[PDB]
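This report refers to the structure that appears directly beneath it.
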Amino acid sequence: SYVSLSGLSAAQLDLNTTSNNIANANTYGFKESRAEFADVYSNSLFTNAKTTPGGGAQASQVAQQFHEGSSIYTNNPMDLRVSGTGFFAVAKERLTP
Amino acid sequence: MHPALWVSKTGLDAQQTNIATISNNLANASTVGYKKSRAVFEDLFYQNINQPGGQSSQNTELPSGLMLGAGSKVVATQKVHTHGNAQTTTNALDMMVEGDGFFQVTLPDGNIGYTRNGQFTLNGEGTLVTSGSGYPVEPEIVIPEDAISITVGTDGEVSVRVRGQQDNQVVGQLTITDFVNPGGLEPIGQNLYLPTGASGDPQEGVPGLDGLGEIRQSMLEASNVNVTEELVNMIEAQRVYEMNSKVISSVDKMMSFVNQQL
Amino acid sequence: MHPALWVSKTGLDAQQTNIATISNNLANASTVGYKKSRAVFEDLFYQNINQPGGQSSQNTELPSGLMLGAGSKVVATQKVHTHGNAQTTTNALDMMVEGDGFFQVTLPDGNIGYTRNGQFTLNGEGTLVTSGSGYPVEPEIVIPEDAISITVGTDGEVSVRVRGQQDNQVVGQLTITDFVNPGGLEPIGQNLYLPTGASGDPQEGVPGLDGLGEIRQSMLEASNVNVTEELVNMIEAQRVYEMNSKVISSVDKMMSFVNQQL
Amino acid sequence: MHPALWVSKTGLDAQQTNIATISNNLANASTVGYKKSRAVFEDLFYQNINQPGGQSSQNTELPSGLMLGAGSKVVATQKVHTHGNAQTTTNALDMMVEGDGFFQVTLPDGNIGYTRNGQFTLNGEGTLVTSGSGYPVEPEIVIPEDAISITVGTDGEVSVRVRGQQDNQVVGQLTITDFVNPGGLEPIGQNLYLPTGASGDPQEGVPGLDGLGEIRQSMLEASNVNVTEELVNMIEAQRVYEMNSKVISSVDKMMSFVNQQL
Amino acid sequence: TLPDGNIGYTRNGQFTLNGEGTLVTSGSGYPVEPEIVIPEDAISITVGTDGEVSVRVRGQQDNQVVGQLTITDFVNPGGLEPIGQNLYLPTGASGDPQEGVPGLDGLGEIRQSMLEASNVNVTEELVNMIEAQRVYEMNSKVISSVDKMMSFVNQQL
Amino acid sequence: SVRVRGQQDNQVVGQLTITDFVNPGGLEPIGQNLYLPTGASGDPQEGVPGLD
């Protein structure tokens, strides 16, 4: 029953990741996220091996895939786009860089 | 107390492991490079009350004897190492082995672990590591900071492009390992396997050659579990579980009856 | 008065201890890091009326003699220290030991206790403590007030992130202690154990080397009790308990008959 | 009267408390700034019949002693202080702490109650108060009736805009308090916490420096309860509750049988 | 191995380890012959059908053998003297203890993670209790009748 | 042996001994479940309780 609970949690996390991706469809500069999972298997000195009912499914990490997104046009010079690899640097405080 | 109690207990224990086996297959339905397991049932030893083929008298024999089984058990949870489907992705650091072979990583303890999952990434030094715990990939592939793109060929040759320079500067060579019996590998979690005695001696080589699979960049291998089979097997495993409980329920009523009467 | 009265009385005591163990296993069905127990039955001594193998003629010995059993008892309670399944949690302060190993805490009297429960927290001073009585965890892991996140590595290296500073600052290193015979520990309650004579010398080390288990952050270890086994064992224990009362009831009727007749 | 009766009573007590904790989480599935709670289980003391490690014969010690458990209990209710999702609203007087920190309000008795709720409003005098009972917020933020718009900065600076004046009129500066162990706070209801001995000293400062979170205007913090987790824990608790009812029922039938026979 | 020095024989398989890693019984703690010592570098324990005990060690394929279990048979197992604690001692009628690998020369096989339940027939013991009780009560009738007969003779003669 | 808190391993406080007689029927009962050795009882044979 715990393995089924792990599966439910992993599926719900994937649903949350997809929903977050969809909600950010209109924001500028967003990068989609991918949910990665790994198998869970844990054995002791005293546990018969050969028979290893796995330990379920474990969420590994939510990735932040950084593939380039498409561009729109505003015809406004204050809007800038980085074509290729690179990031802007923004400081919270004007003084401290 | 009663033989039917112990025989039916093994039936409940066997079906629990089979259901737990299926329940793990369902949980890892979205895990990249996961191989489904199967449960193998086998009956236990038989109590020899009357020997079949004994000697009832001269010129005759017992055709069938009286031998009571001790139940059943799950002897093994066999891994089915068949290839899953292929997913096309935009990432250039995730690869798929098209055929036999495993990626190799360096465990923190020092030994080399083997994985079928292709979700890789880089660490702060640019060395190629896994996207989970971050284990380095054997052999170490270091992407130079001047690289503008990454291309991995069929033969596992990782190449990058440097700005202002033609030709692909080779940064390393990926090697995959094959096993005669992939089902004998011991899974240690995190989509990693350790070679055991039943697995066999690891054989290395360049991918795409010497029988090994081919490295498909920007591609992933989905889990090979069949949700239709797991759900159908779940129903059958539950029915066998409930009909084993009936014998324990029946024997309990019989022993209750004997206590009241005898 | 009668041998069957004393023989069966030990049977009633034996089953009551067995039922108490089964009840304790089912009570801790949700306790994190709990190891199930099984009652170990053994028969008492035998009254040697006629010695088997004693010479009768001089060339003929007793193939089987008259030796009366005295009953049975529960001589030990063996804890099966097999791992439970893993529960994934969003809390970053609770850990799990994948493999052999025990977390070590400081008991109020000053001695070092050992535990399998991983539900930890912080006290008023920030030191990593248990979520129950608040015992400190050895070695002390003090979380700075400037930390914004907590990450616990596989090798037990507790790291925290500080705003305005890259290269997360390590604030401690957790160590786990394994035992050759974990079943030989003395359970003192509160998910805690104490070393004993047969437990073995506490061998400490980094969590993941020399056979020690790995620390999984944000994951808990469920109890390993089998609810199916305990309920069926409850069926067996109840019936045998009632049948041993049948002998004592019969012996009581036998003595009542003799009193009125003889 | 019977050890298994008292052990299962402790099991029933723990599961009743566990269910009540889950029922409280599901009740507060829409409360703003509510932190879910999880019950912590621990086994009770073990009765020492046979000492594990005691020397039975020289050079031989009991590998495992006969230690009978006393059941289990819920030792603590751990408030999981993980951040909840943000609700986007059109109100300008509702705030949110992006990160660690608690809003501080003045309780009627005189002390300061710490709240994660951000739903604020105005009293008759214009003081920023809680949207529930109406407690003033520390420090007092009085909005003059000469203002047309209220803007609260990330650093907690409350500024209003005066009609006929091209300049923001700074009318306050919110300060938030963080705790090293927010789970040690005493919940007093009404989305309010009180500091305790294990909570630690309150550390107050500007909301955005020294590890404090940021104030988010026109945004509310949802509860972090997971209805999927609570329901699954509800099903598991109901079964474990029924597990200990069978043990009590079996013990009840055992004693009734003994009364009739013995 | 018994404390006095002699070797005891059992059918119960509930074994465990002690602080030294030697395989001992789960009750009084008597070591199992031959001595099987489990190294502290072992991550799992497997017992073969032929009694070959092996352990798995991380960083090394082909799990390392740590010992060899030997079981003893007797021609007449009913002639063993039970000394309690699930143990038996050989007697004159039991026969000379024949030792060997568990699975050769007609010996049994070692099944790991398995136990052998008792072979008692609970229903038969309840029937046997009925027959034994009635015959016991009927023999009391003869003594009671003899007692009354001698009482009558003393009164009359 | 006794189990002492704060110290691993039971410490031994002593060792009981028992006595066997050739003819236990030769003992003289004096009440209180006690016997006195006599001439026909034999010679008290002490030793470790479980050997010889």
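All residue names refer to the structure tokens as shown: chains lettered A, B, ... in order, residues numbered from 1 in each chain, ligands numbered from 1 in order.
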Step one, run DSSP on the backbone; step two, keep only residues of chain F assigned to strand (DSSP E or B); then write them as a list in words.
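DSSP-assigned strand (DSSP E or B) residues in chain F: residues 2, 11, 20, 28, 29, 35, 36, 45, 49 and 51 of chain F.
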Hey, list the chain B side of the contact with chain D: 12 Å cut-off, only C-alpha atoms, answer as a PyMOL selection string.
chain B and resi 256+259-260
For the residues in that selection, give me C-alpha atoms as a PDB file, in the first residue's frame.
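Written out: again_19.pdb:
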```
ATOM      1  CA  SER B 256     -14.272 -23.442  16.825  1.00  0.00           C
ATOM      2  CA  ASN B 259     -13.872 -26.806  20.800  1.00  0.00           C
ATOM      3  CA  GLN B 260     -17.619 -26.523  21.433  1.00  0.00           C
TER       4      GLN B 260
END
```
Return the neighbours of chain F among the residues of chain D, cut-off 7 Å, counting only C-alpha atoms, as a VMD selection string.
chain D and resid 53 to 55
Chain E contacts to chain A at 10 Å (only C-alpha atoms) as a ChimeraX atom specification
/E:16,42-47,55-56,112-113
Quick check, in Å to one decimal: how far apart do atom CA of residue C:184 and atom CA of residue C:81 lie?
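Between atom CA of residue C:184 and atom CA of residue C:81 the gap is 10.5 Å.
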From the options C:47, C:117, C:177, C:15, which residue's atoms come nearest to residue C:205, counting only C-alpha atoms?
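Of C:47, C:117, C:177, C:15, the one nearest residue C:205, counting only C-alpha atoms, is C:177.
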Tell me as a PyMOL selection string which residues belonging to chain A come within 9 Å of chain D, counting only C-alpha atoms.
chain A and resi 1+5+8-9+12
Take the residues from that selection and put them in a file with N, CA, C and O atoms, as a compact mmCIF listing (two decimals), in the first residue's frame.
```
# COMPACT_ATOMS: atom_id res chain seq x y z
N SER A 1 0.83 -1.20 0.00
CA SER A 1 0.00 0.00 0.00
C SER A 1 0.86 1.25 0.00
O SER A 1 0.47 2.29 -0.54
N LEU A 5 1.05 4.41 -2.56
CA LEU A 5 1.08 5.79 -2.11
C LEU A 5 2.22 6.56 -2.77
O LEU A 5 2.06 7.72 -3.15
N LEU A 8 1.09 7.31 -6.31
CA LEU A 8 0.14 8.41 -6.32
C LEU A 8 0.85 9.74 -6.13
O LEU A 8 0.55 10.72 -6.82
N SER A 9 1.79 9.80 -5.19
CA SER A 9 2.50 11.04 -4.94
C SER A 9 3.31 11.47 -6.16
O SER A 9 3.35 12.65 -6.51
N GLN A 12 0.92 12.78 -8.79
CA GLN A 12 0.41 14.09 -8.41
C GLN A 12 1.48 15.16 -8.59
O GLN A 12 1.17 16.29 -9.00
```
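DSSP annotation of chain A from backbone atoms: alpha helix (DSSP H) residues are residues 2, 3, 4, 5, 6, 7, 8, 9, 10, 11, 12, 13, 14, 15, 16, 17, 18, 19, 20, 21, 22 and 23 of chain A.
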Name all residues at most 10 Å from residue B:187 (count only C-alpha atoms; drop same-chain ones fewer than 2 positions away) and give them as an mmCIF file with C-alpha atoms, in the first residue's frame.
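Result saved to out18.cif:
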```
data_model
loop_
_atom_site.group_PDB
_atom_site.id
_atom_site.type_symbol
_atom_site.label_atom_id
_atom_site.label_comp_id
_atom_site.auth_asym_id
_atom_site.auth_seq_id
_atom_site.Cartn_x
_atom_site.Cartn_y
_atom_site.Cartn_z
ATOM 1 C CA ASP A 39 13.066 3.286 -8.632
ATOM 2 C CA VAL A 40 13.252 2.694 -4.865
ATOM 3 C CA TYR A 41 14.774 -0.655 -3.620
ATOM 4 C CA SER A 42 16.199 -1.246 -0.089
ATOM 5 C CA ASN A 43 17.615 -4.557 1.297
ATOM 6 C CA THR A 52 12.909 -7.999 -4.003
ATOM 7 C CA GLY A 54 10.758 -3.018 -5.161
ATOM 8 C CA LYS B 79 13.267 -8.498 -14.281
ATOM 9 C CA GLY B 113 27.198 1.542 -11.141
ATOM 10 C CA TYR B 114 25.236 0.809 -14.303
ATOM 11 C CA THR B 115 22.076 2.590 -15.435
ATOM 12 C CA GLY B 183 18.082 -9.988 -15.081
ATOM 13 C CA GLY B 184 20.751 -10.999 -12.570
ATOM 14 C CA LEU B 185 21.707 -7.404 -11.797
ATOM 15 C CA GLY B 189 17.714 2.148 -6.429
ATOM 16 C CA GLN B 190 18.210 5.396 -8.338
ATOM 17 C CA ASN B 191 17.914 3.437 -11.612
ATOM 18 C CA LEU B 192 21.283 1.808 -10.875
ATOM 19 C CA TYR B 193 22.356 -1.840 -10.964
ATOM 20 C CA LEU B 194 25.297 -3.714 -9.486
ATOM 21 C CA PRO B 195 26.709 -6.827 -11.188
#
```
Compile a residue-level contact table for chain E against chain C at a cut-off of 9 Å, reporting for every qualifying residue the shortest atom pair and its distance in Å to one decimal, with only C-alpha atoms counted, rows ordered by chain and ascending number, as a Markdown table.
```
| residue | atom | partner | partner_atom | distance |
| --- | --- | --- | --- | --- |
| E:12 | CA | C:42 | CA | 8.8 |
| E:14 | CA | C:40 | CA | 7.8 |
| E:16 | CA | C:181 | CA | 8.0 |
| E:17 | CA | C:181 | CA | 5.8 |
| E:18 | CA | C:198 | CA | 5.1 |
| E:19 | CA | C:200 | CA | 3.8 |
| E:20 | CA | C:200 | CA | 6.8 |
| E:21 | CA | C:180 | CA | 6.1 |
| E:26 | CA | C:76 | CA | 7.0 |
| E:27 | CA | C:76 | CA | 5.7 |
| E:28 | CA | C:75 | CA | 8.0 |
| E:38 | CA | C:180 | CA | 8.8 |
| E:39 | CA | C:180 | CA | 8.7 |
| E:40 | CA | C:180 | CA | 6.6 |
| E:41 | CA | C:211 | CA | 5.4 |
| E:42 | CA | C:211 | CA | 6.6 |
| E:43 | CA | C:211 | CA | 6.2 |
| E:57 | CA | C:211 | CA | 7.9 |
| E:58 | CA | C:211 | CA | 7.3 |
| E:76 | CA | C:63 | CA | 7.8 |
| E:78 | CA | C:64 | CA | 5.9 |
| E:79 | CA | C:64 | CA | 4.8 |
| E:80 | CA | C:52 | CA | 7.2 |
| E:81 | CA | C:52 | CA | 6.5 |
| E:82 | CA | C:46 | CA | 6.5 |
| E:83 | CA | C:45 | CA | 5.7 |
| E:84 | CA | C:45 | CA | 4.3 |
| E:85 | CA | C:42 | CA | 5.3 |
| E:86 | CA | C:42 | CA | 5.8 |
| E:90 | CA | C:53 | CA | 9.0 |
| E:91 | CA | C:53 | CA | 5.3 |
| E:92 | CA | C:53 | CA | 4.3 |
| E:93 | CA | C:53 | CA | 4.4 |
| E:94 | CA | C:53 | CA | 7.2 |
| E:122 | CA | C:243 | CA | 8.1 |
| E:126 | CA | C:243 | CA | 7.9 |
| E:129 | CA | C:247 | CA | 7.4 |
| E:130 | CA | C:250 | CA | 8.4 |
| E:133 | CA | C:254 | CA | 6.9 |
| E:134 | CA | C:254 | CA | 8.9 |
| E:136 | CA | C:254 | CA | 7.9 |
| E:137 | CA | C:254 | CA | 7.0 |
| E:140 | CA | C:262 | CA | 6.7 |
| E:141 | CA | C:261 | CA | 7.1 |
| E:143 | CA | C:262 | CA | 7.1 |
| E:144 | CA | C:262 | CA | 5.5 |
| E:147 | CA | C:262 | CA | 8.2 |
```
Which residue, A:58, A:4, A:24, A:33, has the smallest gap to residue C:219 when you use only C-alpha atoms?
A:58
Find the residues of chain E in contact range of chain F, meaning any atom within 10 Å when counting only C-alpha atoms, and list them as a VMD selection string.
chain E and resid 3 to 5
Prev. selection, N, CA, C and O atoms, output as a short mmCIF file (atom, residue, chain, number, x, y, z; two decimals), in the first residue's frame:
```cif
data_model
loop_
_atom_site.label_atom_id
_atom_site.label_comp_id
_atom_site.auth_asym_id
_atom_site.auth_seq_id
_atom_site.Cartn_x
_atom_site.Cartn_y
_atom_site.Cartn_z
N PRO E 3 26.77 -26.01 26.58
CA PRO E 3 27.77 -25.44 27.50
C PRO E 3 28.71 -26.46 28.10
O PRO E 3 29.88 -26.15 28.33
N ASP E 4 28.23 -27.68 28.38
CA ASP E 4 29.09 -28.70 28.96
C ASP E 4 30.17 -29.15 27.99
O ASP E 4 31.24 -29.60 28.41
N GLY E 5 29.92 -29.04 26.68
CA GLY E 5 30.90 -29.41 25.69
C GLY E 5 30.35 -30.31 24.60
O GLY E 5 30.80 -30.27 23.46
#
```
Would you list the contacts of stretch 147-153 of chain D as a list in words, taking every protein, DNA or RNA residue within 7 Å and counting only C-alpha atoms, but skipping same-chain residues closer than 5 positions in sequence?
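Here the qualifying residues turn out to be residues 92, 158, 159, 160, 161, 162, 163, 215 and 217 of chain D.
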Written file, previous selection with C-alpha atoms, as a PDB file, in the first residue's frame:
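File out28.pdb, as written:
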```pdb
ATOM      1  CA  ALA D  92      -4.614  45.722  -1.694  1.00  0.00           C
ATOM      2  CA  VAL D 158       3.828  50.878   3.905  1.00  0.00           C
ATOM      3  CA  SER D 159       3.295  54.011   1.813  1.00  0.00           C
ATOM      4  CA  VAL D 160       0.086  55.787   0.832  1.00  0.00           C
ATOM      5  CA  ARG D 161      -0.481  58.349  -1.914  1.00  0.00           C
ATOM      6  CA  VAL D 162      -2.021  61.718  -1.022  1.00  0.00           C
ATOM      7  CA  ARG D 163      -4.394  63.522  -3.366  1.00  0.00           C
ATOM      8  CA  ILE D 215       6.065  41.017   1.964  1.00  0.00           C
ATOM      9  CA  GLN D 217       0.963  42.777  -1.464  1.00  0.00           C
TER      10      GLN D 217
END
```
Could you please determine the separation between atom CA of residue E:105 and atom CA of residue E:8 in Å, to one decimal place?
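Going from atom CA of residue E:105 over to atom CA of residue E:8, I get 21.3 Å.
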